[PDB]
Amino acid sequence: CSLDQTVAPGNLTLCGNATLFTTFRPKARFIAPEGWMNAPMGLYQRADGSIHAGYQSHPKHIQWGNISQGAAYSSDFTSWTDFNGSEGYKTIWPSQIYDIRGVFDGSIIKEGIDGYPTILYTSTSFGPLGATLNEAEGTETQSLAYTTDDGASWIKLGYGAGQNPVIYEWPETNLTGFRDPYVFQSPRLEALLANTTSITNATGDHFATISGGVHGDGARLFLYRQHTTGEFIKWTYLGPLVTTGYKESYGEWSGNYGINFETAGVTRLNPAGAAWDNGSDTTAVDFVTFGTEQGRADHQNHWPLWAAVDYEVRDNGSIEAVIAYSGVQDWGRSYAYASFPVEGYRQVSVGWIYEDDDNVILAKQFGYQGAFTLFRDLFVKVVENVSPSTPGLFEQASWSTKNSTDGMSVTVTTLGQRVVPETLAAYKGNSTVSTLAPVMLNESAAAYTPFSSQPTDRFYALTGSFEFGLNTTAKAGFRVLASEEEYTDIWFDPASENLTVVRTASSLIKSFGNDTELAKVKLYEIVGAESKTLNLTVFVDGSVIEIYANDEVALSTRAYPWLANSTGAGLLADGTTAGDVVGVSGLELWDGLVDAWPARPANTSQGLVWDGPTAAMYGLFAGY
């Protein structure tokens, strides 16, 4: 096998295991040392202020199985250190009858068993497991473990009556799934339920949701409440928090609710970040974030969504979360977002970016699959002085509108997402920064214009503000990972309101996905303005392209160009004329980013293994 990246790629399926380990690999983000990873899990801020991040992990394999928690820590979300114990970087693994099929997603009770951080996780055992299969009760249960050494190891409660698993009864029949327990405190929900606690007897200070659905009848998020403060065995089922319809869609701005929820969480935000009021803060908004399955024809049939909700108290002492508006957390190849509280009134969200090799053609040659997104602060985005003539404004699809008293302006509210400032500062400070001259894209603009400074490798960030006429039909954006023969084009088209990533030329290697990514972006036009602005930030990190628009729209995707010189970048322009002009300013190239894993060598492969003929016999894991 040839690794000559100055000529066309050969038959790369002849290459050995992990021979392509460093070729496309992200360097500036959270990723496992090697092998398979998927969903973030067990996220919490430790007593010293550092961040503990777990992830679904299958070392020395490139497909899912024996799923375990791998873990690492960081003081700044950006530079990480692996745990290293008897199971390497793993800290929780299948070990008991109740979890032998996989230690699935879980979340952290900060002050749990004997006061220690405690994880509530989905413990899986034998039987069909999946939204499209006939799953039975017991296959997915919920279990506890706690740590006395701040995440280096976890001790599970014993198996049995009054111990693990702690939640095992299905709250309704014919579930499509029953997993991903999300533990949270909520002054809001406590205040709302305070007059109903004699009906249910549940008076604890922790709530937990479990994600699932009902066969034939749509997804469900089930709400539980800790029965008694300071005690963690008994969790009382209150009722369904979120109920959606079988493949129901709230519209073009909102994905599709599919048939089953995964990795759902509940938070409360205000314009500054996390909100811990009981309802009294009128600027605060209740949100649910959730993945949906089987409501999408591509992207592994998965939508990572969010909804702003209004809580109502039911007669039986439960809560209905009524969806007020509903959006998309990321429009690309990402899923399984988790959020967790951080000091200084923050709620931080992170997801998993899958590869674009769905037929598993070069997975073994990679020697790993998957990475995280960047860590994102959540907040309520507020846009004042919005013009009522903004096209489609009053659909209020993934946003809310509040008219001024005179009816001449609107205040828009939606979910804000922005990369955590610790990462932006570290990235910028460690990079070679080029501040580029502003550019008018007019009749003289080429289709592609390389920046006056170019990246030196596949690790960089771009930023720019694109100013468009209110009635423009021009398109503009950024080309990245570009040589003459390979390139990835990121376009915004204000007339259609579509942000696209065109990947028909992203790689000479034909086995990788090449479908066009698409996100909807609403440019809220400002009263008195004669133009509208798209602020676009793009992170290029090995094969990851992660795009942020206006601290609101995120789109993560993959590009795998073969050629060593497919690293360039510049401006894209289409239909720009003397009359239809696009002004581009605030242009910066951050070349290099940071090495997110300073203790790791470049090649952290430990080889790949096969589980042997018993993998097919047990029928649980692919085995490689």
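The numbering used is simple: start at 1 and walk along the sequence shown.
- Stretch comparison (10-18 versus 603-611) by mean CA B-factor in the PDB entry places 10-18 on top.
- Just going by the entry, 572-580 versus 589-597 on mean CA temperature factor gives the higher value to 572-580.
- As recorded in the PDB entry, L393 shows the highest C-alpha B-factor of the residues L378, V501, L393, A208.
- Across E467, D82, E546, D105, the entry's maximum B-factor at the CA atom is seen for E467.
- Per the PDB record, residue ranking by Cα B-factor puts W399 in the middle third of the chain.
- Among all modelled residues in this chain, the alpha-carbon of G273 has a temperature factor (C-alpha) in the middle third.
- Ranked within its chain, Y257 lands in the middle third, by CA B factor from the PDB record.
- Sorting the modelled residues of the chain by their CA temperature factor places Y237 in the middle third.
- The entry lists a Cα temperature factor for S453 that places it in the highest third of the chain's modelled residues.
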